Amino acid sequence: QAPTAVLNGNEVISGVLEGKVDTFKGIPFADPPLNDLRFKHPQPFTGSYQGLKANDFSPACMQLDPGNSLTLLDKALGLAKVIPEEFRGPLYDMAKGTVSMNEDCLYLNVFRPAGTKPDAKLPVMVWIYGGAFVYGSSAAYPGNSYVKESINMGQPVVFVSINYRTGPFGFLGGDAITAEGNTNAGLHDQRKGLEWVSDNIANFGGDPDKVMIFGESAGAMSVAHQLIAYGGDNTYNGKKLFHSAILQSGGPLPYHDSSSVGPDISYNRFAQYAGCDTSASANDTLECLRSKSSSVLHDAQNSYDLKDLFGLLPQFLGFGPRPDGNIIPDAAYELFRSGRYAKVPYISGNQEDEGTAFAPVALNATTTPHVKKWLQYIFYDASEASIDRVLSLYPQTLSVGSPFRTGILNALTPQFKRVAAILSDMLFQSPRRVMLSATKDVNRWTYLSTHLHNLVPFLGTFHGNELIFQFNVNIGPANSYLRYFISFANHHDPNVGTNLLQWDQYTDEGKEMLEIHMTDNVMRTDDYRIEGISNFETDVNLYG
């Protein structure tokens, strides 16, 4: 029997019973962003839900193939040699998929315990993806393991995943988009999905007054931008859109302006790869981009990734959230430090070796001059003095680079461990500490995951790896990532009924941090590489 829910008082949608979980997949929350609506803010859904058979995932939004990155990594270090088969199988499974990709992709999915009734008021967990090596948008993140575990725990939740536009489709900047007021469209997509949840989740048995948003990599960077959206106003028609958050390996971005990697403006490069004439006026280039087929814009996006992000650099360094004076009113770091953020409790953490999967971009660097040149490209407006100070704080000494704590092993090149440490701390660890020290009036918890230490040559406990334990095979540290986060969605404290180590909250006095291992966890403090990370937190002259 198909489970049902009724929206707008009388429109009945049906889902699919999958074991003991009811699923409703492919629910539209905005009108399709096609033709004249390409690159514009999401428009209200003007259709009908009546008779919708929400029985399969919608198309994924336009994105790059993970194969680009996985093949470069494989060329650089031989993934089948370094990653144990039990983790490698899952990792490649999340990088492929049966869903198509299409610009018509603004849909969400609801997962709940079978037989939940609309009056149940179950806590809601809303997942926002952003995995560097994952294909499929929400289709790669089924909520069944989270829902099944919350039932076993006696703490049932509703899980929701939302699609949003990434890349140039969701974050095309430039003067024409600014003049239209259509900046940061992908962030507005997420916010519209959250409005849909506030208005409609009670019909599925969820509680609109207890919503947790969480995500990983660009999804955690998105959650951090939702916390400072409109200077911390997370209300919609008087109601708070979310009440707690978890950020897995991502935080605010250090930009104070719409900058991107390298010597050229990202808009200009993409327009050029799409075959538009970049000497025409701003409005004419945007009109040209709105006339191209999706395959042409897809090839153009692929060329920007391979040529300008070198197939590996985090996508938000090219097309991503930037200050626009409206949904992001000022630089993200400054909004957190002036208290202009939503006052909700959160968990923020990192994998030990966040930078190792990105370090192969600088594989040809053997000397400090070579590393300086790569850093001058990625951070093109950085002052030379600021770069020189980073290079003195992160030396080429093999034992202090990343994979961390591995001595003289894993030195793929003379500079690989150094570049992996710099990218780790600049892009992931410093953003986490900017939030933890700025948000002193909310409860917060932080973690370091070291569970693959010494099991994966050259990569260590790398960026994006923990997603296989949350969404694919529930082995290794899966119980920590499932149960602490279910407890947090229910009680805004990770320690209720987990049967796991007590995780003490982070305080400014003790800087308490959970360290997650393969089978056990231990408490530690967030005390490592203080000088190096602190400099990234405070040197504004690095960023552009």
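Position 1 is the first residue in the sequence shown; the rest follow in order.
Higher mean CA B-factor, judged across 186-194 and 266-274 from the recorded values: 266-274. On average the C-alpha atoms of 287-295 have higher B-factors than those of the other stretch, with 208-216 and 287-295 being the two compared.
In the PDB entry, the Cα temperature factor peaks, among 120, 247, 157, 468, at 120. Within the listed group 44, 59, 67, 47, the record reports its top CA B-factor for 67. Per the PDB record, residue ranking by Cα B-factor puts residue 103 in the lowest third of the chain. Residue-level temperature factors show residue 10 in the highest third of its chain, judged at the C-alpha atom. For residue 233, the recorded CA B-factor ranks within the middle third of the chain. Only modelled residues enter the ranking. Among all modelled residues in this chain, the alpha-carbon of residue 520 has a temperature factor (C-alpha) in the highest third.
Remark: residue 512 belongs to the middle third of its chain, ranked by C-alpha B-factor as recorded.
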